[PDB]
file model06.cif (mmCIF, N, CA and C atoms)
data_run
#
loop_
_atom_site.label_atom_id
_atom_site.label_comp_id
_atom_site.auth_asym_id
_atom_site.auth_seq_id
_atom_site.Cartn_x
_atom_site.Cartn_y
_atom_site.Cartn_z
N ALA A 384 1.16 30.43 22.90
CA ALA A 384 0.88 31.44 21.86
C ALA A 384 1.36 30.98 20.50
N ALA A 385 0.53 31.14 19.50
CA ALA A 385 0.93 30.71 18.14
C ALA A 385 1.42 29.26 18.15
N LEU A 386 2.17 28.90 17.15
CA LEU A 386 2.67 27.51 17.09
C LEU A 386 1.53 26.54 17.29
N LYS A 387 0.36 27.07 17.22
CA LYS A 387 -0.85 26.25 17.39
C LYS A 387 -1.78 26.54 16.25
N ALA A 388 -1.37 27.49 15.48
CA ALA A 388 -2.17 27.89 14.31
C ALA A 388 -1.39 28.88 13.46
N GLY A 389 -0.08 28.82 13.58
CA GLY A 389 0.77 29.74 12.78
C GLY A 389 0.60 29.48 11.29
N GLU A 390 0.64 30.53 10.51
CA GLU A 390 0.49 30.36 9.05
C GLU A 390 1.70 29.63 8.45
N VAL A 391 2.21 28.68 9.20
CA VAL A 391 3.39 27.91 8.72
C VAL A 391 3.27 27.58 7.23
N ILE A 392 4.38 27.61 6.56
CA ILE A 392 4.38 27.31 5.11
C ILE A 392 4.54 25.81 4.85
N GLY A 393 5.57 25.23 5.38
CA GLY A 393 5.77 23.77 5.15
C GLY A 393 6.58 23.14 6.29
N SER A 394 7.21 22.03 6.00
CA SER A 394 8.01 21.36 7.05
C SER A 394 8.95 20.32 6.44
N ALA A 395 10.22 20.62 6.43
CA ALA A 395 11.19 19.67 5.85
C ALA A 395 11.60 18.62 6.89
N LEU A 396 12.84 18.18 6.82
CA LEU A 396 13.31 17.16 7.79
C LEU A 396 14.06 17.83 8.96
N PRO A 397 13.84 17.33 10.17
CA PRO A 397 14.50 17.89 11.35
C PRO A 397 16.00 17.57 11.35
N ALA A 398 16.80 18.46 10.82
CA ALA A 398 18.26 18.19 10.80
C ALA A 398 18.78 18.11 12.22
N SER A 399 18.81 19.25 12.88
CA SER A 399 19.31 19.28 14.28
C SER A 399 18.34 20.09 15.16
N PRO A 400 18.08 19.61 16.37
CA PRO A 400 17.17 20.31 17.27
C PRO A 400 17.61 21.76 17.45
N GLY A 401 16.95 22.65 16.76
CA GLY A 401 17.33 24.09 16.89
C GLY A 401 16.15 25.03 16.62
N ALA A 402 16.30 26.24 17.06
CA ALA A 402 15.22 27.25 16.86
C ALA A 402 15.87 28.58 16.53
N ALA A 403 15.45 29.22 15.46
CA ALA A 403 16.08 30.52 15.14
C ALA A 403 15.15 31.46 14.40
N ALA A 404 15.51 32.71 14.46
CA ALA A 404 14.72 33.76 13.79
C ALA A 404 15.69 34.73 13.14
N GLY A 405 15.76 34.69 11.84
CA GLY A 405 16.69 35.61 11.14
C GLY A 405 16.18 35.96 9.74
N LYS A 406 16.77 36.97 9.16
CA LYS A 406 16.34 37.37 7.80
C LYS A 406 17.08 36.54 6.76
N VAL A 407 16.35 36.13 5.78
CA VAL A 407 16.94 35.31 4.70
C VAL A 407 18.15 35.99 4.03
N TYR A 408 19.07 35.15 3.58
CA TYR A 408 20.30 35.66 2.90
C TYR A 408 21.05 34.46 2.31
N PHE A 409 21.59 34.63 1.12
CA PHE A 409 22.33 33.49 0.48
C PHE A 409 23.82 33.79 0.33
N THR A 410 24.42 34.35 1.34
CA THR A 410 25.87 34.65 1.23
C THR A 410 26.51 34.83 2.58
N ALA A 411 27.73 34.41 2.69
CA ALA A 411 28.44 34.54 3.97
C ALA A 411 28.88 35.98 4.13
N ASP A 412 28.90 36.68 3.03
CA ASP A 412 29.32 38.10 3.07
C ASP A 412 28.21 38.94 3.69
N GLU A 413 26.99 38.62 3.33
CA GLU A 413 25.86 39.38 3.88
C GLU A 413 25.75 39.12 5.37
N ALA A 414 26.22 37.98 5.78
CA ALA A 414 26.16 37.65 7.21
C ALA A 414 27.17 38.49 7.94
N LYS A 415 28.31 38.67 7.32
CA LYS A 415 29.35 39.49 7.95
C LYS A 415 28.80 40.87 8.24
N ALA A 416 28.08 41.40 7.28
CA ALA A 416 27.49 42.75 7.48
C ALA A 416 26.41 42.69 8.51
N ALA A 417 25.55 41.77 8.32
CA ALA A 417 24.43 41.61 9.27
C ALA A 417 24.99 41.35 10.65
N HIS A 418 25.71 40.27 10.78
CA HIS A 418 26.30 39.94 12.09
C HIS A 418 26.88 41.19 12.76
N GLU A 419 27.32 42.11 11.95
CA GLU A 419 27.89 43.34 12.50
C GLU A 419 26.82 44.41 12.70
N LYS A 420 25.74 44.28 11.98
CA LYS A 420 24.65 45.28 12.12
C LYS A 420 23.57 44.85 13.11
N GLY A 421 23.10 43.66 12.96
CA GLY A 421 22.03 43.19 13.90
C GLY A 421 22.03 41.66 14.05
N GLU A 422 22.77 40.99 13.22
CA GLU A 422 22.80 39.51 13.32
C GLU A 422 21.45 38.90 13.02
N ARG A 423 21.14 37.82 13.69
CA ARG A 423 19.84 37.18 13.44
C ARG A 423 19.67 37.01 11.95
N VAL A 424 20.51 36.18 11.38
CA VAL A 424 20.44 35.93 9.92
C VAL A 424 20.23 34.46 9.61
N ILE A 425 19.66 34.22 8.46
CA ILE A 425 19.40 32.81 8.02
C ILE A 425 20.17 32.53 6.73
N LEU A 426 20.36 31.26 6.42
CA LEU A 426 21.12 30.93 5.17
C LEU A 426 20.45 29.83 4.33
N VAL A 427 20.21 30.15 3.07
CA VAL A 427 19.57 29.15 2.16
C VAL A 427 20.55 28.75 1.06
N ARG A 428 20.75 27.47 0.90
CA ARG A 428 21.70 27.03 -0.15
C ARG A 428 21.37 25.63 -0.68
N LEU A 429 21.63 25.43 -1.94
CA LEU A 429 21.35 24.11 -2.54
C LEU A 429 22.44 23.11 -2.17
N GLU A 430 23.24 23.50 -1.23
CA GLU A 430 24.36 22.63 -0.77
C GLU A 430 25.10 23.28 0.39
N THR A 431 25.47 22.49 1.37
CA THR A 431 26.19 23.06 2.55
C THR A 431 27.68 22.68 2.52
N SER A 432 28.49 23.51 3.13
CA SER A 432 29.96 23.23 3.15
C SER A 432 30.56 23.60 4.52
N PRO A 433 31.70 23.01 4.82
CA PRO A 433 32.39 23.28 6.09
C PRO A 433 32.89 24.72 6.20
N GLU A 434 33.88 25.04 5.40
CA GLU A 434 34.46 26.42 5.42
C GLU A 434 33.40 27.50 5.68
N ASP A 435 32.20 27.25 5.25
CA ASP A 435 31.13 28.25 5.47
C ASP A 435 30.86 28.48 6.95
N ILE A 436 31.47 27.66 7.78
CA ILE A 436 31.27 27.79 9.26
C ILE A 436 31.06 29.25 9.69
N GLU A 437 32.00 30.10 9.40
CA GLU A 437 31.81 31.51 9.81
C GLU A 437 30.42 31.96 9.41
N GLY A 438 30.02 31.57 8.24
CA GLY A 438 28.68 31.95 7.76
C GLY A 438 27.63 31.16 8.55
N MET A 439 28.03 30.00 9.05
CA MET A 439 27.07 29.18 9.83
C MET A 439 26.79 29.84 11.16
N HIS A 440 27.83 30.26 11.85
CA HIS A 440 27.60 30.91 13.16
C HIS A 440 26.70 32.12 12.97
N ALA A 441 27.17 33.07 12.21
CA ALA A 441 26.35 34.27 11.98
C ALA A 441 24.95 33.85 11.59
N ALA A 442 24.88 32.73 10.91
CA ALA A 442 23.57 32.22 10.47
C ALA A 442 23.09 31.15 11.45
N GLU A 443 22.72 31.59 12.62
CA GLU A 443 22.24 30.62 13.64
C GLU A 443 21.07 29.79 13.11
N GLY A 444 20.74 29.99 11.86
CA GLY A 444 19.62 29.22 11.26
C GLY A 444 19.95 28.92 9.79
N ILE A 445 19.54 27.77 9.30
CA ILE A 445 19.86 27.46 7.88
C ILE A 445 18.77 26.61 7.23
N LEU A 446 18.17 27.15 6.21
CA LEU A 446 17.10 26.41 5.49
C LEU A 446 17.57 26.13 4.07
N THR A 447 18.06 24.94 3.85
CA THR A 447 18.55 24.58 2.49
C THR A 447 17.63 23.64 1.76
N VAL A 448 17.79 23.60 0.47
CA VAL A 448 16.94 22.72 -0.35
C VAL A 448 17.54 21.33 -0.42
N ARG A 449 18.82 21.26 -0.15
CA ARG A 449 19.51 19.95 -0.19
C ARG A 449 19.68 19.37 1.20
N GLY A 450 20.85 18.86 1.46
CA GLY A 450 21.11 18.26 2.79
C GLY A 450 20.37 16.92 2.91
N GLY A 451 20.34 16.36 4.09
CA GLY A 451 19.63 15.05 4.25
C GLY A 451 19.68 14.59 5.70
N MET A 452 19.26 13.36 5.92
CA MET A 452 19.27 12.82 7.30
C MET A 452 20.60 13.11 7.99
N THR A 453 21.66 13.02 7.24
CA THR A 453 22.99 13.29 7.84
C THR A 453 24.01 13.65 6.78
N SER A 454 24.69 14.74 7.00
CA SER A 454 25.71 15.18 6.04
C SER A 454 26.45 16.39 6.60
N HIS A 455 27.36 16.92 5.84
CA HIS A 455 28.11 18.09 6.34
C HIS A 455 27.14 19.10 6.95
N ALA A 456 26.00 19.24 6.33
CA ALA A 456 24.99 20.19 6.85
C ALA A 456 24.57 19.84 8.28
N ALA A 457 24.20 18.61 8.48
CA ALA A 457 23.77 18.19 9.84
C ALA A 457 24.97 17.97 10.74
N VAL A 458 25.89 17.18 10.27
CA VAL A 458 27.08 16.91 11.08
C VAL A 458 27.66 18.20 11.62
N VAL A 459 27.85 19.15 10.75
CA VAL A 459 28.41 20.44 11.21
C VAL A 459 27.44 21.11 12.17
N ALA A 460 26.17 21.00 11.86
CA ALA A 460 25.16 21.62 12.74
C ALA A 460 25.15 20.93 14.10
N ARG A 461 25.07 19.63 14.08
CA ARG A 461 25.05 18.89 15.37
C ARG A 461 26.25 19.29 16.22
N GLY A 462 27.32 19.66 15.56
CA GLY A 462 28.53 20.06 16.32
C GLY A 462 28.40 21.50 16.82
N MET A 463 27.76 22.32 16.02
CA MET A 463 27.58 23.74 16.42
C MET A 463 26.20 23.96 17.04
N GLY A 464 25.49 22.88 17.23
CA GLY A 464 24.12 22.99 17.83
C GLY A 464 23.30 24.08 17.13
N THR A 465 23.64 24.36 15.90
CA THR A 465 22.89 25.39 15.15
C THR A 465 21.62 24.80 14.52
N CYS A 466 20.59 25.60 14.45
CA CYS A 466 19.32 25.09 13.85
C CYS A 466 19.45 25.05 12.34
N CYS A 467 19.12 23.93 11.75
CA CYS A 467 19.23 23.85 10.28
C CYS A 467 18.24 22.87 9.69
N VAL A 468 17.78 23.18 8.50
CA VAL A 468 16.80 22.27 7.83
C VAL A 468 17.40 21.74 6.55
N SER A 469 16.85 20.67 6.07
CA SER A 469 17.39 20.11 4.84
C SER A 469 16.34 19.36 4.03
N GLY A 470 16.51 19.39 2.74
CA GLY A 470 15.54 18.70 1.85
C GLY A 470 14.10 19.09 2.16
N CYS A 471 13.62 20.09 1.46
CA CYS A 471 12.23 20.55 1.69
C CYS A 471 11.32 19.99 0.60
N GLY A 472 10.19 20.61 0.41
CA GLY A 472 9.27 20.11 -0.64
C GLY A 472 9.89 20.31 -2.03
N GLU A 473 9.48 21.36 -2.68
CA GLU A 473 10.02 21.65 -4.04
C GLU A 473 10.39 23.13 -4.12
N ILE A 474 11.03 23.60 -3.09
CA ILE A 474 11.44 25.02 -3.05
C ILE A 474 11.93 25.53 -4.39
N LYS A 475 11.16 26.38 -4.98
CA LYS A 475 11.55 26.94 -6.28
C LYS A 475 12.25 28.25 -6.00
N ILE A 476 13.48 28.38 -6.43
CA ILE A 476 14.18 29.66 -6.15
C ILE A 476 13.92 30.71 -7.20
N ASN A 477 13.57 31.88 -6.73
CA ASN A 477 13.29 33.01 -7.67
C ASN A 477 14.44 34.01 -7.69
N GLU A 478 15.02 34.17 -8.85
CA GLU A 478 16.16 35.12 -9.02
C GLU A 478 15.79 36.58 -8.73
N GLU A 479 14.51 36.89 -8.59
CA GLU A 479 14.15 38.33 -8.31
C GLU A 479 15.08 38.85 -7.24
N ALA A 480 15.62 37.92 -6.57
CA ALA A 480 16.55 38.16 -5.48
C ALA A 480 17.07 36.80 -5.13
N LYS A 481 16.59 36.27 -4.07
CA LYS A 481 17.06 34.90 -3.66
C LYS A 481 15.98 34.28 -2.79
N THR A 482 14.85 34.03 -3.40
CA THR A 482 13.71 33.42 -2.66
C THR A 482 13.58 31.92 -2.85
N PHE A 483 12.56 31.39 -2.20
CA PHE A 483 12.26 29.93 -2.26
C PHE A 483 10.74 29.75 -2.07
N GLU A 484 10.08 29.22 -3.07
CA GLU A 484 8.61 29.03 -2.96
C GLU A 484 8.26 27.67 -2.36
N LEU A 485 7.60 27.70 -1.22
CA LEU A 485 7.23 26.42 -0.56
C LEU A 485 5.86 26.54 0.11
N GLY A 486 5.20 25.43 0.27
CA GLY A 486 3.86 25.45 0.91
C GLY A 486 2.92 26.39 0.15
N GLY A 487 2.52 27.45 0.80
CA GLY A 487 1.60 28.42 0.13
C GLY A 487 2.13 29.85 0.25
N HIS A 488 3.43 29.99 0.34
CA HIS A 488 4.00 31.35 0.46
C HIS A 488 5.39 31.41 -0.14
N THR A 489 5.76 32.58 -0.60
CA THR A 489 7.11 32.74 -1.21
C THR A 489 8.02 33.54 -0.30
N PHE A 490 9.02 32.89 0.23
CA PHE A 490 9.96 33.59 1.13
C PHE A 490 11.08 34.18 0.30
N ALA A 491 11.11 35.48 0.21
CA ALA A 491 12.19 36.12 -0.59
C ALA A 491 13.32 36.61 0.25
N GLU A 492 14.50 36.59 -0.34
CA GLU A 492 15.68 37.05 0.39
C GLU A 492 15.54 38.51 0.61
N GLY A 493 14.63 38.83 1.43
CA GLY A 493 14.40 40.22 1.71
C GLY A 493 13.36 40.36 2.83
N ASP A 494 13.21 39.31 3.64
CA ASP A 494 12.20 39.38 4.75
C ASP A 494 12.71 38.72 6.05
N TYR A 495 11.82 38.64 7.02
CA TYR A 495 12.17 38.02 8.34
C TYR A 495 11.33 36.76 8.60
N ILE A 496 11.99 35.67 8.95
CA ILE A 496 11.22 34.42 9.21
C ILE A 496 11.74 33.66 10.43
N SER A 497 10.89 32.78 10.96
CA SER A 497 11.29 31.98 12.16
C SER A 497 11.11 30.51 11.85
N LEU A 498 12.21 29.79 11.76
CA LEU A 498 12.10 28.37 11.45
C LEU A 498 12.43 27.50 12.67
N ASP A 499 11.68 26.42 12.82
CA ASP A 499 11.92 25.51 13.98
C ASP A 499 12.86 24.38 13.64
N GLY A 500 13.37 23.80 14.67
CA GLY A 500 14.30 22.69 14.52
C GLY A 500 14.13 21.83 15.75
N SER A 501 13.34 20.89 15.57
CA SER A 501 13.05 19.92 16.65
C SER A 501 11.95 19.00 16.16
N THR A 502 11.58 19.25 14.96
CA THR A 502 10.52 18.47 14.29
C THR A 502 10.53 18.84 12.83
N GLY A 503 11.09 19.99 12.56
CA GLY A 503 11.17 20.48 11.16
C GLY A 503 9.89 21.22 10.75
N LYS A 504 9.73 22.40 11.27
CA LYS A 504 8.52 23.20 10.94
C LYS A 504 8.92 24.65 10.76
N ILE A 505 8.82 25.14 9.56
CA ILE A 505 9.19 26.55 9.33
C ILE A 505 8.01 27.50 9.53
N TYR A 506 8.31 28.71 9.96
CA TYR A 506 7.25 29.71 10.18
C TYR A 506 7.80 31.10 9.89
N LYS A 507 6.94 32.05 9.67
CA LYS A 507 7.43 33.43 9.38
C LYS A 507 7.00 34.43 10.45
N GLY A 508 7.69 35.54 10.50
CA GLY A 508 7.33 36.58 11.52
C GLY A 508 7.84 36.17 12.90
N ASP A 509 8.55 37.06 13.54
CA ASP A 509 9.08 36.75 14.89
C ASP A 509 7.94 36.49 15.87
N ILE A 510 7.86 35.29 16.36
CA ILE A 510 6.79 34.96 17.32
C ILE A 510 6.94 35.77 18.60
N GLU A 511 5.91 35.80 19.40
CA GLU A 511 5.98 36.56 20.67
C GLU A 511 4.89 36.13 21.63
#
call {"tool": "encode", "arguments": {"input": "model06.cif", "output": "structure tokens"}}
result
Amino acid sequence: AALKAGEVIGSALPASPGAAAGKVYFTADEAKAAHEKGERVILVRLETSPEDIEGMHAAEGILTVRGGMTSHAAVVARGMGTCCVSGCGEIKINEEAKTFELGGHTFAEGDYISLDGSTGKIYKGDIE
């Protein structure tokens, strides 16, 4: 089902083999609330850091504009087996909130998306 014609937006580099479905968010604080309300959260950042770990767990998924073949982002992910992406096309961030424009769609920090980690293919809407 799907994954054969999903309206996928783009595909960055496969940081760590992972699969997740969470709502976009650019803060470890929002994860604390989410993690306590429903979890399933994602994290977008122009740079990854260790201490953010707590934010990493709650964020079983991470789509950043930076990162690379290997770095704190991946290294930490490979250790936490968490799904994470790094270095995408030209994700333009929109302050309207905290979005990122990629492929042919604008993902705003205010929706639900499903990103893959095993080849590096992002998708939106919880598959089923």
call {"tool": "residues_around", "arguments": {"input": "model06.cif", "residues": "region 468-481 of chain A", "least_positions_apart": "5", "cutoff": "5 Å", "atoms": "only N, CA and C atoms", "output": "PyMOL selection string"}}
result
chain A and resi 395-396+398+445-451+491-492
call {"tool": "residues_around", "arguments": {"input": "model06.cif", "residues": "region 435-438 of chain A", "least_positions_apart": "6", "cutoff": "8 Å", "atoms": "only C-alpha atoms", "output": "PyMOL selection string"}}
result
chain A and resi 410-412+414-415
call {"tool": "select_by_dssp", "arguments": {"input": "model06.cif", "residues": "chain A", "states": "strand (DSSP E or B)", "output": "PyMOL selection string"}}
result
chain A and resi 396-399+401-406+424-426+444-446+466-469+475+483-485+488-490+495-500+505-507
call {"tool": "write_last_selection", "arguments": {"input": "model06.cif", "atoms": "N, CA and C atoms", "output": "mmCIF file, keeping the file's coordinate frame"}}
result
data_model
loop_
_atom_site.group_PDB
_atom_site.id
_atom_site.type_symbol
_atom_site.label_atom_id
_atom_site.label_comp_id
_atom_site.auth_asym_id
_atom_site.auth_seq_id
_atom_site.Cartn_x
_atom_site.Cartn_y
_atom_site.Cartn_z
ATOM 1 N N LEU A 396 12.840 18.180 6.820
ATOM 2 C CA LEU A 396 13.310 17.160 7.790
ATOM 3 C C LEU A 396 14.060 17.830 8.960
ATOM 4 N N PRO A 397 13.840 17.330 10.170
ATOM 5 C CA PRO A 397 14.500 17.890 11.350
ATOM 6 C C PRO A 397 16.000 17.570 11.350
ATOM 7 N N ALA A 398 16.800 18.460 10.820
ATOM 8 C CA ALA A 398 18.260 18.190 10.800
ATOM 9 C C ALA A 398 18.780 18.110 12.220
ATOM 10 N N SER A 399 18.810 19.250 12.880
ATOM 11 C CA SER A 399 19.310 19.280 14.280
ATOM 12 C C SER A 399 18.340 20.090 15.160
ATOM 13 N N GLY A 401 16.950 22.650 16.760
ATOM 14 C CA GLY A 401 17.330 24.090 16.890
ATOM 15 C C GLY A 401 16.150 25.030 16.620
ATOM 16 N N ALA A 402 16.300 26.240 17.060
ATOM 17 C CA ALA A 402 15.220 27.250 16.860
ATOM 18 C C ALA A 402 15.870 28.580 16.530
ATOM 19 N N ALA A 403 15.450 29.220 15.460
ATOM 20 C CA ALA A 403 16.080 30.520 15.140
ATOM 21 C C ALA A 403 15.150 31.460 14.400
ATOM 22 N N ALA A 404 15.510 32.710 14.460
ATOM 23 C CA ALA A 404 14.720 33.760 13.790
ATOM 24 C C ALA A 404 15.690 34.730 13.140
ATOM 25 N N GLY A 405 15.760 34.690 11.840
ATOM 26 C CA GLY A 405 16.690 35.610 11.140
ATOM 27 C C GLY A 405 16.180 35.960 9.740
ATOM 28 N N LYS A 406 16.770 36.970 9.160
ATOM 29 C CA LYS A 406 16.340 37.370 7.800
ATOM 30 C C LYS A 406 17.080 36.540 6.760
ATOM 31 N N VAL A 424 20.510 36.180 11.380
ATOM 32 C CA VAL A 424 20.440 35.930 9.920
ATOM 33 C C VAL A 424 20.230 34.460 9.610
ATOM 34 N N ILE A 425 19.660 34.220 8.460
ATOM 35 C CA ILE A 425 19.400 32.810 8.020
ATOM 36 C C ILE A 425 20.170 32.530 6.730
ATOM 37 N N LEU A 426 20.360 31.260 6.420
ATOM 38 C CA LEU A 426 21.120 30.930 5.170
ATOM 39 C C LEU A 426 20.450 29.830 4.330
ATOM 40 N N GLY A 444 20.740 29.990 11.860
ATOM 41 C CA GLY A 444 19.620 29.220 11.260
ATOM 42 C C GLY A 444 19.950 28.920 9.790
ATOM 43 N N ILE A 445 19.540 27.770 9.300
ATOM 44 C CA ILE A 445 19.860 27.460 7.880
ATOM 45 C C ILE A 445 18.770 26.610 7.230
ATOM 46 N N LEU A 446 18.170 27.150 6.210
ATOM 47 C CA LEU A 446 17.100 26.410 5.490
ATOM 48 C C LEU A 446 17.570 26.130 4.070
ATOM 49 N N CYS A 466 20.590 25.600 14.450
ATOM 50 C CA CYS A 466 19.320 25.090 13.850
ATOM 51 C C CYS A 466 19.450 25.050 12.340
ATOM 52 N N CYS A 467 19.120 23.930 11.750
ATOM 53 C CA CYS A 467 19.230 23.850 10.280
ATOM 54 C C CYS A 467 18.240 22.870 9.690
ATOM 55 N N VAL A 468 17.780 23.180 8.500
ATOM 56 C CA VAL A 468 16.800 22.270 7.830
ATOM 57 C C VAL A 468 17.400 21.740 6.550
ATOM 58 N N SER A 469 16.850 20.670 6.070
ATOM 59 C CA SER A 469 17.390 20.110 4.840
ATOM 60 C C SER A 469 16.340 19.360 4.030
ATOM 61 N N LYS A 475 11.160 26.380 -4.980
ATOM 62 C CA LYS A 475 11.550 26.940 -6.280
ATOM 63 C C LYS A 475 12.250 28.250 -6.000
ATOM 64 N N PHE A 483 12.560 31.390 -2.200
ATOM 65 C CA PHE A 483 12.260 29.930 -2.260
ATOM 66 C C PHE A 483 10.740 29.750 -2.070
ATOM 67 N N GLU A 484 10.080 29.220 -3.070
ATOM 68 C CA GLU A 484 8.610 29.030 -2.960
ATOM 69 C C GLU A 484 8.260 27.670 -2.360
ATOM 70 N N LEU A 485 7.600 27.700 -1.220
ATOM 71 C CA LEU A 485 7.230 26.420 -0.560
ATOM 72 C C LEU A 485 5.860 26.540 0.110
ATOM 73 N N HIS A 488 3.430 29.990 0.340
ATOM 74 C CA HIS A 488 4.000 31.350 0.460
ATOM 75 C C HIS A 488 5.390 31.410 -0.140
ATOM 76 N N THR A 489 5.760 32.580 -0.600
ATOM 77 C CA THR A 489 7.110 32.740 -1.210
ATOM 78 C C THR A 489 8.020 33.540 -0.300
ATOM 79 N N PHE A 490 9.020 32.890 0.230
ATOM 80 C CA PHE A 490 9.960 33.590 1.130
ATOM 81 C C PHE A 490 11.080 34.180 0.300
ATOM 82 N N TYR A 495 11.820 38.640 7.020
ATOM 83 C CA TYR A 495 12.170 38.020 8.340
ATOM 84 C C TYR A 495 11.330 36.760 8.600
ATOM 85 N N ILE A 496 11.990 35.670 8.950
ATOM 86 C CA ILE A 496 11.220 34.420 9.210
ATOM 87 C C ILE A 496 11.740 33.660 10.430
ATOM 88 N N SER A 497 10.890 32.780 10.960
ATOM 89 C CA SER A 497 11.290 31.980 12.160
ATOM 90 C C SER A 497 11.110 30.510 11.850
ATOM 91 N N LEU A 498 12.210 29.790 11.760
ATOM 92 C CA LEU A 498 12.100 28.370 11.450
ATOM 93 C C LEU A 498 12.430 27.500 12.670
ATOM 94 N N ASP A 499 11.680 26.420 12.820
ATOM 95 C CA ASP A 499 11.920 25.510 13.980
ATOM 96 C C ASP A 499 12.860 24.380 13.640
ATOM 97 N N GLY A 500 13.370 23.800 14.670
ATOM 98 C CA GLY A 500 14.300 22.690 14.520
ATOM 99 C C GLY A 500 14.130 21.830 15.750
ATOM 100 N N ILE A 505 8.820 25.140 9.560
ATOM 101 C CA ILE A 505 9.190 26.550 9.330
ATOM 102 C C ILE A 505 8.010 27.500 9.530
ATOM 103 N N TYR A 506 8.310 28.710 9.960
ATOM 104 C CA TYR A 506 7.250 29.710 10.180
ATOM 105 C C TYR A 506 7.800 31.100 9.890
ATOM 106 N N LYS A 507 6.940 32.050 9.670
ATOM 107 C CA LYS A 507 7.430 33.430 9.380
ATOM 108 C C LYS A 507 7.000 34.430 10.450
#
call {"tool": "closest_residue", "arguments": {"input": "model06.cif", "among": "A:482, A:454, A:465, A:501", "to": "residue 431 (chain A)", "atoms": "all atoms listed in the file"}}
result
A:454
call {"tool": "resolve_selection", "arguments": {"input": "model06.cif", "expression": "the PyMOL selection byres (((chain A and resi 413 and name CA) around 12) and name CA)", "output": "list in words"}}
result
residues 406, 407, 408, 409, 410, 411, 412, 414, 415, 416, 417, 418, 419, 420, 421, 422, 423, 424, 425, 426, 437, 438, 439, 441, 442, 492 and 493 of chain A
call {"tool": "atom_distance", "arguments": {"input": "model06.cif", "atom1": "atom N of residue 427 (chain A)", "atom2": "atom N of residue 467 (chain A)"}}
result
10.7 Å
call {"tool": "axis_aligned_box", "arguments": {"input": "model06.cif", "around": "region 405-422 of chain A", "padding_each_side": "5 Å", "output": "lines of an AutoDock Vina configuration file"}}
result
center_x = 22.6
center_y = 39.4
center_z = 7.2
size_x = 23.6
size_y = 21.8
size_z = 23.7
call {"tool": "closest_residue", "arguments": {"input": "model06.cif", "among": "A:429, A:484, A:391, A:460", "to": "residue 497 (chain A)", "atoms": "only C-alpha atoms"}}
result
A:391
call {"tool": "atom_distance", "arguments": {"input": "model06.cif", "atom1": "atom N of residue 452 (chain A)", "atom2": "CA of residue 385 (chain A)"}}
result
28.0 Å
call {"tool": "closest_residue", "arguments": {"input": "model06.cif", "among": "A:386, A:509, A:456, A:463", "to": "residue 495 (chain A)", "atoms": "all atoms listed in the file"}}
result
A:509
call {"tool": "residues_around", "arguments": {"input": "model06.cif", "residues": "residue 403 (chain A)", "least_positions_apart": "2", "cutoff": "5 Å", "atoms": "all atoms listed in the file", "output": "list in words"}}
result
residues 401, 405, 497 and 498 of chain A
call {"tool": "write_last_selection", "arguments": {"input": "model06.cif", "atoms": "N, CA and C atoms", "output": "PDB file, in the coordinates of the input"}}
result
ATOM      1  N   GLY A 401      16.950  22.650  16.760  1.00  0.00           N
ATOM      2  CA  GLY A 401      17.330  24.090  16.890  1.00  0.00           C
ATOM      3  C   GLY A 401      16.150  25.030  16.620  1.00  0.00           C
ATOM      4  N   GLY A 405      15.760  34.690  11.840  1.00  0.00           N
ATOM      5  CA  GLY A 405      16.690  35.610  11.140  1.00  0.00           C
ATOM      6  C   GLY A 405      16.180  35.960   9.740  1.00  0.00           C
ATOM      7  N   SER A 497      10.890  32.780  10.960  1.00  0.00           N
ATOM      8  CA  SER A 497      11.290  31.980  12.160  1.00  0.00           C
ATOM      9  C   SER A 497      11.110  30.510  11.850  1.00  0.00           C
ATOM     10  N   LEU A 498      12.210  29.790  11.760  1.00  0.00           N
ATOM     11  CA  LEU A 498      12.100  28.370  11.450  1.00  0.00           C
ATOM     12  C   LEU A 498      12.430  27.500  12.670  1.00  0.00           C
TER      13      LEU A 498
END
call {"tool": "resolve_selection", "arguments": {"input": "model06.cif", "expression": "the PyMOL selection byres ((chain A and resi 393) around 6)", "output": "list in words"}}
result
residues 391, 392, 394, 395, 485, 486, 487, 503, 504 and 505 of chain A
call {"tool": "closest_residue", "arguments": {"input": "model06.cif", "among": "A:428, A:466, A:433, A:389", "to": "residue 483 (chain A)", "atoms": "only C-alpha atoms"}}
result
A:428
call {"tool": "atom_distance", "arguments": {"input": "model06.cif", "atom1": "CA of residue 510 (chain A)", "atom2": "CA of residue 440 (chain A)"}}
result
21.6 Å
call {"tool": "select_by_dssp", "arguments": {"input": "model06.cif", "residues": "region 405-508 of chain A", "states": "helix (DSSP H, G or I)", "output": "PyMOL selection string"}}
result
chain A and resi 411-420+436-441+455-463
